[PDB]
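Q: kindly return the folded structure for what I paste below:
(chains A, B, C, D, E, F, G and H, ligands or ions: 2)
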Amino acid sequence: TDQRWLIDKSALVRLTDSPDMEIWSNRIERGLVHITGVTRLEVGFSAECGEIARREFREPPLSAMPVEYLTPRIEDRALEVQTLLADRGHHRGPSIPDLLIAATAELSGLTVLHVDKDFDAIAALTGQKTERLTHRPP
Amino acid sequence: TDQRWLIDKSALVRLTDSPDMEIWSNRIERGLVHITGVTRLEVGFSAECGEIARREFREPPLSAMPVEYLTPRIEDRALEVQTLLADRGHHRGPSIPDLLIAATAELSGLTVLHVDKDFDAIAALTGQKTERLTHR
Amino acid sequence: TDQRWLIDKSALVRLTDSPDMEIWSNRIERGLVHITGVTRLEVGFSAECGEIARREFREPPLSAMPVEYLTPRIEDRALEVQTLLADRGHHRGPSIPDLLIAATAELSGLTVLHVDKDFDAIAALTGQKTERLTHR
Amino acid sequence: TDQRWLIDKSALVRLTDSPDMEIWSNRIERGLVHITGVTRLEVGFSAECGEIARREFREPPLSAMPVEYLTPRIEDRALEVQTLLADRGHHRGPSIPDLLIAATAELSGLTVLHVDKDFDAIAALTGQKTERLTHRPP
Amino acid sequence: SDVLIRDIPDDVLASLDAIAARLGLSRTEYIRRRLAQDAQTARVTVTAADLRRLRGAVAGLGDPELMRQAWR
Amino acid sequence: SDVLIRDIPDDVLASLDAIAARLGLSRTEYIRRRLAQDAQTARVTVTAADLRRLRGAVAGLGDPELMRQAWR
Amino acid sequence: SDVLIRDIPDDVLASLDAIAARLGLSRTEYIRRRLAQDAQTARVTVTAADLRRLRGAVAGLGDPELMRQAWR
Amino acid sequence: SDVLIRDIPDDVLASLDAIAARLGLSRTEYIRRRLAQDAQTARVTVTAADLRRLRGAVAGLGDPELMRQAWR
Ligand SMILES: [Mg+2]
Ligand SMILES: [Mg+2]
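A: Residues are numbered from 1 along each chain as shown, chains lettered A, B, ... in the order given. Ligands and ions are numbered 1, 2, ... in the order given. Sharing the structure here:
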């Protein structure tokens, strides 16, 4: 299909525990799942040391994900969305990375792939496409 | 002089308490103190409501600070610097915003103005120019 | 072919009722039907609330129409054409938006698409190309 | 002083009946009162014939008013303000020319000079500077 | 028409050349096809329902009286 | 014709850049428009009689129905 | 190096222009970034074991306190 | 530094030349002064009260905990 995704940290760390793990492995292989520069910095922060980070960036899955860098219009959009959510009573959230990932996806025509309810709060204003990664039933 | 600055949140919120307040106010008026898009998002996060955020962006001093936006080279440099810190066991000191502000300054020809020792840790890796705001 | 159109409000609201609906939908998909900033303000004025306006601008067909903005030459041409109409006793026929859309099309190389005889009055002065939407 | 004005149609037609008429004549002479291309079209619409319009544009006061033409950012701002006012319950107003004159003044650093309460509705959102022309007391 | 792209890094060009050869294509044929495929993926669909929805949302554009107000 | 303006101080250039940015114009498009604006503004005495003449010619600007018609 | 891409169809060019505009990039900056993106994406098999290795390395992405620290 | 403005119409230049002569200035000296005066008029004033107001409005920027949340 024509659909392409932008993967948030919340889905990246939960892929291996989804019933749809193998489907997502195949979509990443086909180049359909993009990642932001901001999410790459979050991956580096989470890694225990620099060599572990370097390894992840040179190996699948991360090496197979097209990288989406910011533009001035995306940065300004994130700020506009933040301010509009503040008009509707949001306080101390959604997070800065959530706003930047959502604005990147909105202006690039990508579906945000996530496990974070704050993307619903953003989509209530923007109407953008989102997809929640399936979880293993308890 | 050719010197320009990029102001971090840590200096922005402490200007009112600097003995150099007057000199910094004059530099801001002249366009010599720039700010990032990420720092603007931090200002908005802290504001109590949307009315107050809009006001802060349209009034001085923020209305007088040119905005420095990210580029692919800057985002990649932040990640490179983060990995060097992580080799030394220091990458959970400086935050993602600290890395992005420092790399923006480094590649866009600005001095980081701050009150945050994490910029000293980054500068010890990059050799870039930083300045600590005097404050009381 | 090299032909491009600039759609007036009078055609925009009547597309759903044209026997040529399918052909116009295909041209819109391809970027061949542009819209002015003034016409977007007319869409917003008519919307019942802000939610509905935001939706209209982000969904097809408006999301697929490139925006043609005013320039000094266009604003001056609209005023010149208005004065020619006024010499003939006809300048309270065509509205200010009609003049601005016609001059934008004339100077930016587009055919006005409309259901408004005021564009025929303007074209009789300017010699520009116009097209009336077929509709039921 | 440093102050400059953008004159709306509502003040233009009422200058001669203001107690401050002579002060405004002097400010127009000094080049401190600008006018938009949109307001010039409103002047032409109001004129009874084309020769009367041509005369006004070649004579004071209009010939002494610097002309402010639109830019794409001004047009987009007018639309943003319209949408924000719609969120706050405005319906079928402020008018399109009021939004365009206010956005021009906002982004150009000019004070709107008017006799139209809808500029208060816009300034409740934008915080921009406005000045109401003085009227003759009844 | 023709589009000149200046200052593409040599490492980007070398990777594109290797990608293109694997597909049996020259560099410029690969780039042309890649951009065409991008455009197809981005293309919007305009349906009859979209046009009806717009008409309903802005029915007032066909009201001379409301359009009166709109222009002061 | 082209005009080269030499030795513009940094702070003047910074103001020009901030203005251009706020309007969405390039530095050079802004300067071109500003120079046209200045050149095209008359230096002329403005009298009370001039303001009264104008009011008689544009009285319809104070007719709300006529102005609503102008914007349909 | 400079690359000249000849004979781009009008409709492809229109899509490129709409994308660039939406992002606030020039046509040529957009194309340069898109070509870098393609060139820099690996063509590689992605396995279940690769996803499990990644989860062990980045487990802290699922620690809300660690992620709040990352953004101070 | 130097700024080149291309394609200024001859009628704009002729008016600027006449304006400048009346002031005892060359064309380029007049343009330099006009742009400097514009910059002075546009200049913002930053007061002690402005800086206090900002600190009060975003006191949370000096709260590591809130800045924690902000970065997920
Ligand atoms: Mg820090
Ligand atoms: Mg009409």
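Q: the residue of chain A found nearest chain G: what's it in contact with?
A: Residue nearest to chain G within chain A: residue A:73 (3.2 Å; CB to the nearest CB). C-beta coordinates here come from the backbone N, C-alpha and C atoms, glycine included. Residues near residue A:73 by CB atoms under 8 Å, 6 or more residues apart in numbering or on different chains: A:107, G:22, G:23, G:24.
Q: for the first one, what are its contacts?
A: Just to be clear, that refers to residue A:107. Contacts of residue A:107 by CB under 8 Å, 6+ apart are A:71, A:73, A:74, A:77, G:22, G:23.
Q: what about it, which SS state?
A: In three-state terms, and counting by DSSP: H, G, I helix; E, B strand; the rest coil, residue A:107 is helix.
Q: any idea how far it lies from residue G:24?
A: 9 Å (CB to CB, to the nearest Å).
Q: now residue 20: closest residue in space, sequence neighbours ignored.
A: In the absence of a named chain, chain A is used. Ranked by CB to CB, 6 or more residues apart in numbering or on different chains and with sequence neighbours excluded, the top spatial neighbour of residue A:20 is residue A:134, at 5.0 Å.
Q: try again with chain E
A: The shortest distance from residue E:20 to any non-neighbouring residue, by CB to CB, 6+ apart, is to residue E:30 (3.6 Å).
Q: I'd assumed residue E:24 was in contact with that neighbour.
A: No - here residue E:30 lies out of contact with residue E:24, judged by CB atoms under 8 Å, at a distance of 9.6 Å.
Q: which of those two has more neighbours?
A: Legend: neighbour count by other CB atoms under 10 Å in any protein chain shown for residue E:30 and residue E:24, higher for residue E:30 (19 against 8).
Q: may I see the buried residues of the helix or strand hosting residue E:66?
A: Using DSSP states H and E, residue E:66 maps to helix E:64-70. Residues E:66, E:67, E:68, E:69, E:70 are the ones in helix E:64-70 that count as buried (16 or more other CB atoms under 10 Å in any protein chain shown).
Q: that one - contacts with which helices or strands?
A: For helix E:64-70, the elements it packs on are helix C:37-46, helix F:64-70, judged by 3 or more CB pairs under 8 Å, 6 or more residues apart in numbering or on different chains; DSSP states H and E.
Q: and the residue nearest to residue A:119 when sequence neighbours are not counted, how many neighbours?
A: Nearest residue to residue A:119, sequence neighbours excluded (CB to CB, 6+ apart): residue A:130, at 5.0 Å. Residues near residue A:130, counting by other CB under 10 Å, number 19.
Q: quick one: what helix or strand has the nearest residue to residue A:2 once chain neighbours are set aside in it?
A: Among residues not flanking residue A:2 along the chain, residue E:41 sits closest, at 5.1 Å (CB to CB, 6+ apart). Residue E:41 is part of helix E:27-42 when elements are defined by DSSP H and E.
Q: now do that helix: distance to the chain's middle.
A: Here the centre of helix E:27-42 is set off from its chain's centre by 11 Å, with CA atoms, centre = their mean, to the nearest Å.
Q: what are the buried residues along it?
A: Applying 16+ other CB under 10 Å to helix E:27-42 flags E:27, E:30, E:31, E:32, E:34, E:35, E:38, E:39 as buried.
Q: got the contact list for the second one?
A: Going by CB under 8 Å, 6+ apart, residue E:30 touches E:16, E:19, E:20, E:23.
Q: and the gap between it and residue G:40?
A: Residue E:30 sits 15 Å away from residue G:40, going by CB to CB.
Q: with the third one instead?
A: As judged by CB to CB, residue E:31 and residue G:40 stand 15 Å apart.
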